[PDB]
Amino acid sequence: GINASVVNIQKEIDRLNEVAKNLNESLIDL
Amino acid sequence: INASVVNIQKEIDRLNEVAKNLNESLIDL
Amino acid sequence: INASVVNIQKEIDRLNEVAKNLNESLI
Amino acid sequence: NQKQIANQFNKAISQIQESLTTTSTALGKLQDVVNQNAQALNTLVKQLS
Amino acid sequence: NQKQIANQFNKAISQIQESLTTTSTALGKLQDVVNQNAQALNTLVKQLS
Amino acid sequence: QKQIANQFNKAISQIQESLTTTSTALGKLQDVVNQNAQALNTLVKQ
Ligand code: NA
Ligand code: NA
């Protein structure tokens with residue numbers, strides 16, 4: 001009964017790229 | 001032939017810890 | 001038929017570079 | 001105006017905290033499947049021997 | 001005094017942003033190979049049966 | 001201003017450790033994934 005599982009972390013990958021663009025909102029305007 | 005297991009459980013836990021600890025770095029406004 | 005090799009050794013390096021770089025941001 | 005700066009710092013820390021847990025969860029999911037896949041292989045190898 | 005503070009904060013945020021896009025990339029390359037190798041191992045089992 | 005900067009410095013220190021912790025975890029994963037793909041490739045040969 002032999003079967004390999006697939007992983008799905010596409011939502012975490014996407015979240016990280018998103019958080020990164022969101023950090024632009026926290027940059028201080030000097 | 002043998003496939004090895006990985007253990008990054010210490011690391012998984014530390015990231016989760018830091019996430020918790022950084023609460024302590026919030027500025028009280 | 002064939003299993004592939006993963007190469008993230010560039011990504012791993014960059015994160016250690018960025019860890020060192022953050023020092024030049026301390027105060 | 002430390003107040004706003006403070007607040008921009010707090011917003012960013014919130015967002016970094018969110019990247020960290022997101023990253024630990026992704027790492028967790030990968031360690032699970034890699035190890036599940038190593039049991040699958042090692043079981044097949046026994047099955048064949 | 002605030003300009004030196006804000007300026008280091010923005011610098012650090014910029015290195016952090018790269019660290020997050022670097023980490024998502026490494027995690028995508030890992031997912032892709034993990035799932036590739038899972039399919040190879042499945043295909044072998046298929047053939048062997 | 002020392003209160004902002006000491007809070008900032010404390011967060012950055014924790015972040016730097018998280019980077020190295022992430023990169024180490026990624027290494028370990030890259031190692032086992034690779035060794036398992038060897039195992040499978042020599043299984044196939046055989
Ligand atoms: Na470089
Ligand atoms: Na980059």
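Just so you know, these numbers use all the heavy atoms, side chains as well, and skip hydrogens, waters and symmetry mates. Each chain gets a letter, A, B and so on, in the order its sequence line appears, and its residues count up from 1. Order of appearance sets the numbers: ligands from 1, and atoms from 1 within every ligand.
Remark: the backbone N or O of F/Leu26 is not paired with any side-chain donor or acceptor of F/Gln30 at under 3.5 angstrom. Put simply, the side chain of F/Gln7 gets close to the backbone of B/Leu26: a donor and an acceptor are under 3.5 Å apart. Judged by distance alone, with hydrogens and angles left aside, the side-chain atoms of A/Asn24 form a donor-acceptor pair with the main-chain N or O of A/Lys21 at under 3.5 Å.
Looking at C/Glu17 and the Na ion (ligand 1) together, the shortest N, O or S contact belongs to OE2. E/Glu18 contributes OE1 as its N, O or S atom closest to the Na ion (ligand 2).
None of the N, O or S atoms belonging to C/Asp13 lies under 3.0 Å away from the Na ion (ligand 1).
Here the closest non-hydrogen pair linking E/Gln36 and C/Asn2 is NE2-O, 3.2 Å.
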